[PDB]
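Have a look at the structure below before the remarks.
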There are 2 protein chains.
Amino acid sequence: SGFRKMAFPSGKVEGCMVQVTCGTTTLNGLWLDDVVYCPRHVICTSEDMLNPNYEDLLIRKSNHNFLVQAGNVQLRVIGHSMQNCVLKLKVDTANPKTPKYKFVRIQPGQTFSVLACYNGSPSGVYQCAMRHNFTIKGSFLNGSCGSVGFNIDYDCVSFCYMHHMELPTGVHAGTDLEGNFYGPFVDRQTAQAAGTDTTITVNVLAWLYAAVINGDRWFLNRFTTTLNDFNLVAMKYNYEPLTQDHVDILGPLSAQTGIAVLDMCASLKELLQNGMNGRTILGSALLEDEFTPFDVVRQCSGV
Amino acid sequence: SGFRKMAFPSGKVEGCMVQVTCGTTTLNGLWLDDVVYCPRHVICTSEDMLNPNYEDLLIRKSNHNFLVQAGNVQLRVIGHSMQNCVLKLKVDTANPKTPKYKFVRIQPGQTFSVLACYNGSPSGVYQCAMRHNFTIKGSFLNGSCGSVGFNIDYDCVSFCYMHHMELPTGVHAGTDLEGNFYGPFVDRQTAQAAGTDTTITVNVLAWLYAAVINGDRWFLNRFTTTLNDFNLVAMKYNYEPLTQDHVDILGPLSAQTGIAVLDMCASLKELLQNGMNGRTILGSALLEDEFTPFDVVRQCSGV
Ligand SMILES: *[C@@](O)(C(=O)NCc1nccs1)[C@@H](Cc1ccccc1)NC(=O)[C@@H](COC)NC(=O)[C@@H]1CCCC(F)(F)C1
Ligand SMILES: *[C@@](O)(C(=O)NCc1nccs1)[C@@H](Cc1ccccc1)NC(=O)[C@@H](COC)NC(=O)[C@@H]1CCCC(F)(F)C1
């Protein structure tokens, strides 16, 4: 028993982190085979951040402008190119610790682990979710750019995120590993801000199933609603619409607990309308939306 | 910015996990140099758990009774002995991935990372705190015994916990790495239960400092109280007494924010008396007591 925000073991990713320096800018890189991936703004200076032309800035650079450090061993840069908002630095040595990997792009509502790094050295690991406005609620300080987000499935690391910057509200923005931003954000200095956000409904129901599996049942009731009558109330509380596909994904949790998806929706409908009355669910006094149905099944007992 | 429950990178610990089998019992072990450490109840059977004599059970065992698996390679057991509630299995091979390490015992209020494992394979990492009643609020399923808790300081792994069992309320109990239980718990079948718990006051104040550093200031006030008048109210809400030593530990956070420790105590005193009025602090609607002053300094900006 127990239910916690659990990150994947970060071992496989720690062996890939390096420090990339260009001039006075130092940030983190990801070393896979003979390529180091890092945010392209490592070539920029404080003056070059109003409206930079990265193609112009990259062509005025040479291989010797990039210092790459893998722990203590220096890596010799033999090539450089840009791929969208990411730099690809060809190095002379293939990383002997390169795990089996994929570059995948995630959707709002999906979760991933983040290995926060500073100067090529990992400081901590935690779990994150991609919000509907394409921001994440992470924990990052100056020098954390280049830190990556990932999921693991049978020793295969699926890299999904690279950290680039912090938005004015304190939320975080980054790209997939192909250099394409999550959301309408740019790697230049603008007054950009995160758009409106909604609560991930399928995740809140999955977390209510984890609570039932762990003994929290005070919020249950005999009632049941229709998918359409549930969506009318969800809309008023700024919750994402629940679809029939989400009901089918919640199926295994519904089967394990003997509580129907529309039965669970009637309890969520009441929690939104009345609140919790000073009671808690899995040690929390708010409804949690950062656990997917997969995360719940992965952590909870199958009994 | 941002503030999250952040575990240490688990890489150094993942390379030490092994699977230990004795008969039909399979659990996790920790391989350091040529010794594998695991819970001693791996030698027991369902019949032997009423009131076992572990000395009697261990003497009826031989080296060939223990199968040790490090990933795929089988480790040959050349010695065995008991150290309190832990078994020490001497193996023929020294772990080449053994990091620099210490066996340290932690106090209530301290935190540590947990690498949950099943069959010698790590499944996830998360942060935990030792409560005043010597239990932890972890996330563990059948087969998780042998999972370890640790802290890292400049590449030195200080192992502080080994998981043994779950208590009836769903909380977890284990030993230090010398085999000595945290708390009045035993590794036999009894109706044992966790004692009363208190809230860790110095941790709640440290977390209020993280909120001020991260922009949450609605709970601040102009008032100030004495250490003695604060402790009278803390006692009523089941909070641990705050000492002058705790005030001196909170000093660096007080200096960074310009808010005096007794000033912060007046805000906590008001939060306990009136609640939050539907407002949140660092995304939480309850007062968090699982971040130490160290954890806050480690994660928050020094500015
Ligand atoms: C790096 O880009 C970084 O850490 N970004 C993410 C952050 N998350 C919380 C705070 S920052 C880092 C690179 C660097 C620049 C110069 C010297 C050394 C490292 N940048 C910053 O730390 C930061 C200010 O430091 C000078 N600047 C930015 O993050 C840029 C702001 C505009 C958008 C951007 F171009 F994407 C990054
Ligand atoms: C192992 O001891 C274990 O996983 N313990 C911690 C748990 N946390 C949540 C659920 S269990 C595991 C060892 C094992 C025994 C037999 C077969 C395979 C593995 N034990 C258990 O999973 C569990 C029931 O499984 C048969 N029994 C216990 O945990 C014991 C209960 C009494 C106290 C104890 F002796 F310390 C352990």
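Okay, here's what the table says:
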| quantity | calculated |
| --- | --- |
| Some residue of segment B:41-52 being away from ligand 1 (no atom under 16 Å from the Cβ), in contact with a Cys (Cβ under 6 Å, 6 or more places away or on another chain) and within 14 Å of another protein chain (Cβ to nearest Cβ) | no |
| Matching residues, segment A:118-131, being under 22 Å from A:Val186 (Cα atoms), within 13 Å of another protein chain (Cβ to nearest Cβ) and in a loop (DSSP other than H, G, I, E, B) | A:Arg131 |
| Some residue of segment B:220-235 being touching a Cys at 6+ places or on another chain (Cβ under 6 Å), free of Cβ contacts under 8 Å to residues at least 40 places away in the same chain and within 20 Å of B:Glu270 (Cα to Cα) | yes |
| Residue in segment A:141-150 that is more than 12 Å from ligand 1 (Cβ to nearest atom), touching a strand residue (DSSP E or B) at 6+ places or on another chain (Cβ under 8 Å), in contact (Cβ under 8 Å) with a residue 60 or more places away in the chain and closer than 29 Å to A:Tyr239 by Cβ present | yes |
| Number of positions in segment A:292-301 that are part of a loop (DSSP other than H, G, I, E, B) and either more than 9 Å from chain B (Cβ to nearest Cβ) or in contact with a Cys (Cβ under 8 Å, 6 or more places away or on another chain) (or both) | 1 |
| Of all residues making up segment A:75-117, the number that are within 14 Å of chain B (Cβ to nearest Cβ), within 24 Å of A:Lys5 (Cα to Cα) and surrounded by fewer than 21 Cβ atoms within 10 Å (Cβ to Cβ) | 0 |
| B:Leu205 vs. criteria closer than 18 Å to B:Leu282 by Cα and not basic (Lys, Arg) | yes |
| Number of the condition not met by A:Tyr161 [criteria: (1) more than 11 Å from ligand 1 (Cβ to nearest atom); (2) not in a strand (DSSP E or B)] | (2) |
| Pair list, Cβ < 7 Å and 6+ apart or interchain, from segment A:21-45 residues that are part of a loop (DSSP other than H, G, I, E, B) to residues that are of a type outside the set (A, V, I, L, M) and buried (at least 18 other Cβ atoms within 10 Å of the Cβ) | A:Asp33/A:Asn95; A:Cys44/A:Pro52 |
| Positions within segment B:132-143 being assigned to a loop (DSSP other than H, G, I, E, B) and either buried (at least 23 other Cβ atoms within 10 Å of the Cβ) or within 10 Å of another protein chain (Cβ to nearest Cβ) (or both), in sequence order | B:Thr135, B:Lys137, B:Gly138, B:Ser139, B:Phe140, B:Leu141, B:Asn142 |
| Residue within segment A:70-81 that is more than 16 Å from ligand 2 (Cβ to nearest atom) and either closer than 30 Å to A:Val212 by Cα or basic (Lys, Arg) (or both) present | yes |
| Failed item, numbered, when B:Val204 is tested on (1) over 21 Å from the mean Cα position of the chain (by Cα); (2) more than 30 Å from B:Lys88 (Cα to Cα); (3) aliphatic (A, V, I, L, M) | (1) |
| Per-region count, segment B:245-291, residues outside any helix (DSSP H, G or I) and either within 14 Å of another protein chain (Cβ to nearest Cβ) or in contact with a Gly (Cβ under 6 Å, 6 or more places away or on another chain) (or both) | 17 |
| Only listed residue being touching a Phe, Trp or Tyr at 6+ places or on another chain (Cβ under 7 Å), in contact (Cβ under 8 Å) with a residue 60 or more places away in the chain, more than 14 Å from chain B (Cβ to nearest Cβ) and outside any loop (DSSP other than H, G, I, E, B), chosen from A:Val13, A:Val18 | A:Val18 |
| Top-ranked residue in segment A:155-198 [being over 27 Å from A:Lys88 (Cα atoms) and within 13 Å of chain B (Cβ to nearest Cβ); ranked as farthest from ligand 2 (Cβ to nearest atom)] | A:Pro168 |
| Residue list for segment B:23-34, filter: more than 14 Å from every other protein chain (Cβ to nearest Cβ), crowded, with 23+ Cβ neighbours inside 10 Å and within 14 Å of ligand 2 (Cβ to nearest atom) | B:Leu27, B:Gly29 |
| Unmet criterion (only one of (1) within 16 Å of ligand 1 (Cβ to nearest atom); (2) part of a strand (DSSP E or B); (3) surrounded by fewer than 20 Cβ atoms within 10 Å (Cβ to Cβ)) for A:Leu58 | (2) |
| Filter result for A:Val186 (of a type outside the set (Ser, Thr, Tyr), over 26 Å from A:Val114 (Cα atoms) and more than 17 Å from the chain's Cα centre (by Cα)) | no |
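Conditions tested, residue by residue: (1) aromatic (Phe, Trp, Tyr); (2) under 21 Å from A:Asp289 (Cα atoms); (3) surrounded by fewer than 19 Cβ atoms within 10 Å (Cβ to Cβ).
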site	(1), (2), (3)
A:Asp187	no, no, no
A:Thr190	no, no, yes
A:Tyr209	yes, yes, no
A:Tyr237	yes, yes, yes
A:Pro241	no, yes, yes
A:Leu253	no, yes, no
A:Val261	no, yes, no
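Laboratory data are not the source of any read-out in this text; all were calculated from the coordinates shown. Note that we place each Cβ from the backbone using ideal geometry, even for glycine, and neighbour counts take in every protein chain shown.
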